[PDB]
Amino acid sequence: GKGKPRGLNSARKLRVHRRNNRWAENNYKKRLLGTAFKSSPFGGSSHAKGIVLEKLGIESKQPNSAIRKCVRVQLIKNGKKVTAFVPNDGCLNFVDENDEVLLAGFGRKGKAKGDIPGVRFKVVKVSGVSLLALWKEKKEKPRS
Amino acid sequence: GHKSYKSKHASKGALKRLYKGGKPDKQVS
Amino acid sequence: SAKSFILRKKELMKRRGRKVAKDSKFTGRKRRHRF
Amino acid sequence: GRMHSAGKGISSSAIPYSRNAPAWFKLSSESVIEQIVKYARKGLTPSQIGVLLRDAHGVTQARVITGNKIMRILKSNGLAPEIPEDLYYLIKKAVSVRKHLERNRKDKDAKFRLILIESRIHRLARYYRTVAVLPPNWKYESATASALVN
Amino acid sequence: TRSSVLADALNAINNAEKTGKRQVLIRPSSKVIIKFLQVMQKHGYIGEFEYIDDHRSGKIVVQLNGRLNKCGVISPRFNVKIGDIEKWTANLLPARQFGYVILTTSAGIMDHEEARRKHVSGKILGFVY
RNA sequence: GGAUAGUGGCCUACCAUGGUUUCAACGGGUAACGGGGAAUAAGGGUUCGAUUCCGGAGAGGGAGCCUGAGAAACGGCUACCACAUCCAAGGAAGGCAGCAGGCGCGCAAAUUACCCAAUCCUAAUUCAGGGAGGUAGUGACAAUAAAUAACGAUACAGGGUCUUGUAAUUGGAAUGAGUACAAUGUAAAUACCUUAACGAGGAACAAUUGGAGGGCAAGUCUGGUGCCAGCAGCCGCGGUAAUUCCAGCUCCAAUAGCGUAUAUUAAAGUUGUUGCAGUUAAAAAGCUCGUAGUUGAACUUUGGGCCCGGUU
RNA sequence: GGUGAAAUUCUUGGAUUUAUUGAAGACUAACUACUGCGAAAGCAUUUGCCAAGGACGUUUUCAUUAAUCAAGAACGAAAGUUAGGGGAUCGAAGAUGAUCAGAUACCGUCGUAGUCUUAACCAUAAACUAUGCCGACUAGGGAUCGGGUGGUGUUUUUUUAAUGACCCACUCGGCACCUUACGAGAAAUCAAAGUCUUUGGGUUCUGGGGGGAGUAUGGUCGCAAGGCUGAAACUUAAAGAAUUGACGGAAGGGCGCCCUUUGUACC
């Protein structure tokens, strides 16, 4: 029983049925439709670079407020315009418009640490130096 | 309470109640 | 809503029978600041 | 179970556990075979000959008394028909139900029954042309089947 | 239809051993079923089987003795090289010392350990422990 | 028959009407050179292979060709095509997917260095030539080994006369990271191996990176800030969808490395051949026939005796 | 007539109602069951004709002729489409009325298509046992349908023989049921949903979190309605089985307060 062919000479049916089934996966279908090369905002890339369009104050709530905001950036190689969560406070005095930031992915979303509705990108570098050293006062952002 | 009628894609009658109330594709070489 | 989530979800483990460290002014905050 | 039905019956015959010599028979072997060939000289099929020799003359089964099958006996004397008996009866039933279907056009269950009978006929004809009893095509079809059966 | 009579025979043995009966009646018989039960009896996992001979296919009646956990068939009869026969026992035997998987080789129908001893392999037929 | 080095529809004349296909032909996609291999360790598998070896193709796109044993060669030619150089305006010269390097594209990648000394190749040939190749510079791709401290005495705390812990207490020892006579090393140098001499008293010669409700290891820590139609009254308390608003102390893990992003693999039995499920959680065609496909009852030399020699 | 109430409606040419008779088309109550038949949808008056089936019985015949099934084919509830026929009832659409706080009592009357049949189309349903088909084994019991076997068993012959019907025992094949857990399962529950981490009898189909979405596009079938096949970007951490209760304006008692029974989401 058990639904499937089990005969010694029925390998062709097993292969074809498995091929259609594997097409009904998710990782496999994303890999062979090649949407990382056609529909993904990054070109299948891990990091990317972009020119900062503008910045918008997507704030949690009103006067009693937790200040976690995001920028609007435009990619260079693709031209698609996305949103990026800048790290810890005070760095928006550091990044302005048109600074050629370097972006990555964000990661997990749980109860905390950023539950922003539809922001999967974090600004890793700004002006081609960093955010960590430029927040820990190791290096300084050069002018233009 | 009644158990809700279960289906994957919504039934045609409920589709009627909800709805009442071009160019070809591309294949780049 | 870190305080409400943690204080609600640390009581369910008390019913399930597991140890939970007692709360103070150190639990519901950014323990580590971001970049 | 049945080939084209939902039934699962087992009504059949059970051949006795004896390969020789009914004690009270004690009659002959050649008298039996001349009765067989004379009954076939009337023009009866092997099954009716078997049931008559069982019902009238004490022949239990012809495989043990004569040592040979009935159809092989008729083949030995050249009385074997052009088509075998089961295919002949299937063709006759198909002809009758078809005639009913030209007479009564709306009878859908009879259409389904005709389809069942013709699938049975095609399967049996495939078996016969496999074992080289029929001509290797033999081509059952609607019309000449009437001229085939009678 | 009865595609594998060895499967139905071993399934009847398994059911009647699990429910605790003393005798098992098996229909139809075969050369392969007879050899399988000689393997079982020579290893002692069953009792005493006697073959009732009518002209159709025969029947078997076997005396069980307990002492038998599970027997079954592997279907289809996979071609089994000797270099991976250990894989097969590591697939479905509880331990490495007891329990037997049964092979049909050109030297006959025989359990796995004397298949090591004779250094001959073949098709896999079933298992018993 | 022509042609080829040679068989051959490779080409031509004549004459037949054939060849492939559900065992999926033909067409399309490939961000596809193929393989030896690589990552993932219960087995089976999933994913990758532009890349140190082997085979193929190409020198900006096509085509043609000379020489020659070997080329449809490009560090050879001719022609067109796309770029594009020098000017005396008439004409001439071009091909870095060789080595360096530059521009551009980008998340993404080194010196316009030295040498034929090694490995080998070419030639008229031990001798010449070789950005083939070797050496060095840049180099936290990856991989191996292990310095940042060790031993006492004192005074206490102990386990309690034998054994540990603390101290703005004290003592001499030991040595490489570096600085370098020299010599090895090398085509010549740099570096390693060796070593005359110098080189440790902590802000010395100072180790970081992540974290601290649970996963999952470590806070019944500290301080400051914005607000309150709530108490008090100018001291303050508490609360603060502040998703902690900001900093410090202490602790945990890993450690010359640590974190992050993406992709993939395992734990995953969410691809299930091993090994999934289908009454109600996703999922049994409305029903039957039927072609290819898959699968298909039992039965034919068994049993017994003989010897011999092989392994424990 | 009609409703909780009214109105539209018919009527002194007599409405409603009683009786006699006729005409039409549709459907076969009660018998009607935890019963039968059919591949399923489905099938209920009598008789006749035609062909077909299943089970049982068989000391008949062939000797593997079979099981499941992409392509392909037949049928397929109701609804719907094109001509013809018929048009009693019911009746989408439509016409008219009261619209009276509440309709907890959102309706009344008339009424086209349809409902019925012929000759053609369409091929879908909660088409459901929400349980593919074939084969094997595993547990007690009582009923019931069809066939068969045995009874110096019962009853009706007008003399007690056949048959019919009933009773007892058995057997084959069914539709169903009560209990159990040897076993299974997440649980409700299951003689199969058992013989499964001790996992392999044969074989078709289908599913891979929820939305987007049965959408868009392509192809094909269809006169139409529509059917068959059918993605993606994007977005999200969510979306079956039981028990348990706050809550009660559930009610019933007592002597405003207590005690018992009581059912626990869509828009």
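State to the nearest 20 debye the size of the charge dipole of the stretch D:26-80 about its Cα centre, where the only charges are +1 on K and R beta carbons and -1 on D and E beta carbons. Display every interim value, and only then the final one.
Numbers: 9 positive and 3 negative charges, 27 e Å.
Using only the charged Cβ atoms, the result is roughly 120 debye.
Using 10 Å bins from zero, what percent of all Cα-Cα pairs in the stretch E:6-81 falls into each bin?
So the P(r) values, bin by bin, are 18, 55, 23, 4.
Which whole-angstrom value gives the distance between the alpha carbon centres of the stretch E:98-129 and the stretch D:73-150?
For the stretch E:98-129 versus the stretch D:73-150, the Cα centre distance is 51 Å.
Relative to the compact globular guide of 2.2 N^0.38 Å, what is the alpha carbon radius of gyration of the stretch D:81-150, as a ratio?
Values: Rg = 12.5 Å, N = 70, 2.2 N^0.38 = 11.1 Å.
So the Cα radius of gyration is 1.13 times the expected 2.2 N^0.38 Å.
Just add up the charged neighbours of residue E:89: K/R +1, D/E -1, any other residue whose Cβ is under 13 Å from the Cβ of residue E:89. Don't skip to the answer; put the middle values down first.
Working: positive: E:87, E:96, E:116; negative: E:84, E:86, E:111, E:113.
Residues close to residue E:89 contribute a combined charge of -1.
Taking the Cβ of residue A:105 as the centre, find all other residues whose Cβ is under 13 Å away and add up their charges (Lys, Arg: +1; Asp, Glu: -1). Spell out each step's value before the answer.
Values: positive: A:108, A:109, A:120, A:122; negative: none.
Every neighbour counted, the sum reads +4.
If you keep only loop residues by DSSP, which trypsin sites (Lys or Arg not before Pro) in the stretch E:62-109 have at most 16 other Cβ atoms within 10 Å of their Cβ? Numbers along the way, then the final one.
On the way: sites: E:67, E:70, E:77, E:81, E:87, E:96; in loops: E:67, E:70, E:77, E:81, E:96.
Of the trypsin sites (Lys or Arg not before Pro), the ones in loops of the stretch E:62-109 whose Cβ has at most 16 other Cβ atoms within 10 Å are E:67, E:70, E:81, E:96.
Starting from the stretch D:1-107, pick out the GluC sites (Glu not before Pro) whose DSSP state is loop and whose Cβ has at most 15 other Cβ atoms within 10 Å.
Values: sites: D:30, D:34, D:82, D:85, D:102; in loops: D:82.
Passing both the DSSP loop test and the Cβ count: D:82.
Size of the dipole of the stretch A:6-76 about the Cα centre, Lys and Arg at +1 and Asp and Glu at -1 on the beta carbon, nothing else charged, in debye to 20? Present the calculation step by step, with values, prior to reporting the outcome.
Values: 17 positive and 3 negative charges, 138 e Å.
The calculated dipole for the stretch A:6-76 is roughly 660 debye.
Over 19 Å between C-alpha atoms is what I'm after, so list which of A:49/B:26; A:30/A:109; A:49/A:136; E:31/E:70; D:42/D:75 land there. Could you put the intermediate results ahead of the total?
Working: A:49/B:26 29 Å; A:30/A:109 22 Å; A:49/A:136 22 Å; E:31/E:70 22 Å; D:42/D:75 16 Å.
Flagged as over cut-off: A:49/B:26; A:30/A:109; A:49/A:136; E:31/E:70.
For the stretch A:18-97, which trypsin sites (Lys or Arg not before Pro) pass both filters: DSSP loop (anything but H, G, I, E, B) and at most 15 other C-beta atoms within 10 Å? Kindly include the intermediate steps, with their values, before the conclusion.
Numbers: sites: A:18, A:19, A:22, A:29, A:30, A:31, A:38, A:49, A:55, A:61, A:68, A:69, A:72, A:77, A:80, A:81; in loops: A:61, A:68, A:69, A:77, A:80.
Sparse-neighbourhood loop trypsin sites (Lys or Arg not before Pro): A:61, A:77, A:80.
State the Cα centre-to-centre distance between chain B and the stretch E:78-95 in whole Å.
52
Could you state the principal axis extents of the C-alpha atoms in the protein assembly as shown, from the largest down, to the nearest angstrom?
126, 70, 55
Note that we place each Cβ from the backbone using ideal geometry, even for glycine, and neighbour counts take in every protein chain shown. FYI, it's all coordinate maths here, none of it is from the lab.
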